[PDB]
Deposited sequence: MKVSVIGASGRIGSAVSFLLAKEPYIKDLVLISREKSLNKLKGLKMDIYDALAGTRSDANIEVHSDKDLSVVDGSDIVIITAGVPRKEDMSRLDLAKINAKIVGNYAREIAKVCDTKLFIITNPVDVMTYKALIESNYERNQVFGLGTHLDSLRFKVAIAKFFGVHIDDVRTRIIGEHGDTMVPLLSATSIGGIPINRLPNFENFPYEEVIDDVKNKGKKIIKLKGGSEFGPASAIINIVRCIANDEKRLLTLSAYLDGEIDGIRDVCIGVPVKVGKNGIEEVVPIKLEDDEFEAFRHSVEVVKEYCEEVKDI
C-alpha cells in the first residue's frame, strides 16, 4: 500500500506519517508539504527512518512539495491534514475549503484514490473534497465524530473503571457542537452501560459537553491534538488496507440511507473496506437522536453552502 500525507509538516501530519511508516502494510509513503516546509519534511523523513530502525519496521518514505501532485499516483489513500492555523468556524472554513478544494482537484487530475480528509471543519472539508475531486462518494471520507467517540470512550472507561478498549461507543453527526452521541450504542463489553452498575451516577451531559470542548482544551493546553487523531487515522487506513469491512463512523456523503438525507457529508455509521465507504449503514435511531442528527445535518449543510463555490 502507498499513502500520501499532504500536510505531513504539521502536528497531525507528522504523527500520522511516523505511525503510517511503521504500519507493516505501508510500503511507500509520500510526505507532501508546501515547498517552503519541505525541509521540515526532510527532517521528518530522517526521524521516521530512525524510528523504523527501532521498531523492526521498514518503509520507502518519499518527501516532495505540493507543486506537482503527480507524486501521489499509485497512492491508495491520500490523507489531507493540511489546514491553516486559526477567524470563526465559517471563516477558517473558507480558507481551508480553498486549500482542500485545490488539493482534491489536483489530486483527481493526477490519479484515482481515496481522499482521507482531516482538515477542519472536517464535514465541510470532506464535502468540499468530494465536490472538487468529482470522486465517487466511496472514495472521500473524513475523520469526524470518531475522534469524539474515542474521547467519549475514555470518559466512560475512567468512570466505570474498565480498560478503555472494553468501552465501545458511537457519536454521529457533525464533528462539532451539534454532535449526536448515541447512548444506545454505548457499551462496556457489549453490555449497554444503562444496564451496568452506577450508570445512574454517570454524569453523561457533563461528559458529552467535555467531549465537545476537548479539542479546544487541548489547543489551549498543549497547542493541538496530534496523537489521538493520528491513531484514529491509522485505524481507518488499516481497515482499508486489510479490507476489514468494519462498521466505523466517518464523515461521508449521504444519499438517502438515513431519512432520505442527501447532499451532505456528515458523521455516519459506515462499512469501511478496501473501497473506502462501501455503504452508509442506516442504524435505527431513537427519536431524540434522529432529531439531533437532522439538526446537525442542517447546520452542516448551511456551512457546506458557504464554501461550495470557494
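Annotation: deposited residues 87 to 89 form the one stretch not represented by C-alpha coordinates in the model.
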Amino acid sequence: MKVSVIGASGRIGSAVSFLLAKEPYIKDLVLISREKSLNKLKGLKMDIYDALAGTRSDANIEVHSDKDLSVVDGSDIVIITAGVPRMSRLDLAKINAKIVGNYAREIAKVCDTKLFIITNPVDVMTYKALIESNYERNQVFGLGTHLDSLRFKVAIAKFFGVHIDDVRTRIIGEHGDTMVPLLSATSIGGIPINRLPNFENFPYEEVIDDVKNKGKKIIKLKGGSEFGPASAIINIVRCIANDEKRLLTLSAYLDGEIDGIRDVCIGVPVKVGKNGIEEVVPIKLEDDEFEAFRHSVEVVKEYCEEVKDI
From here on, numbers count along this sequence of modelled residues.
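Per-stretch averaging of Cα B factors for 88 to 96 and 144 to 152 places 88 to 96 on top.
Looking at mean Cα B-factors across 115 to 123 and 196 to 204, the upper value is held by 196 to 204. Comparing the listed residues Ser187, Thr81, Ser133, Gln139, the entry records the largest Cα B-factor for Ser187.
By the numbers in the PDB entry, the CA B factor is greatest at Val110 among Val110, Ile164, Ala104, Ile240. Placement of the Cα temperature factor of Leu183 within the chain: highest third of the modelled residues, per the deposited record. Sort the modelled residues of the chain by CA B factor and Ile234 lands in the middle third. Per the deposited record, the Cα B-factor of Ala129 falls in the middle third when ranked against the other modelled residues of its chain. In the PDB entry, a CA B factor belonging to the highest third of its chain's modelled residues is recorded for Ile310. Among the modelled residues of the chain, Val16 sits in the lowest third by CA temperature factor in this PDB entry.
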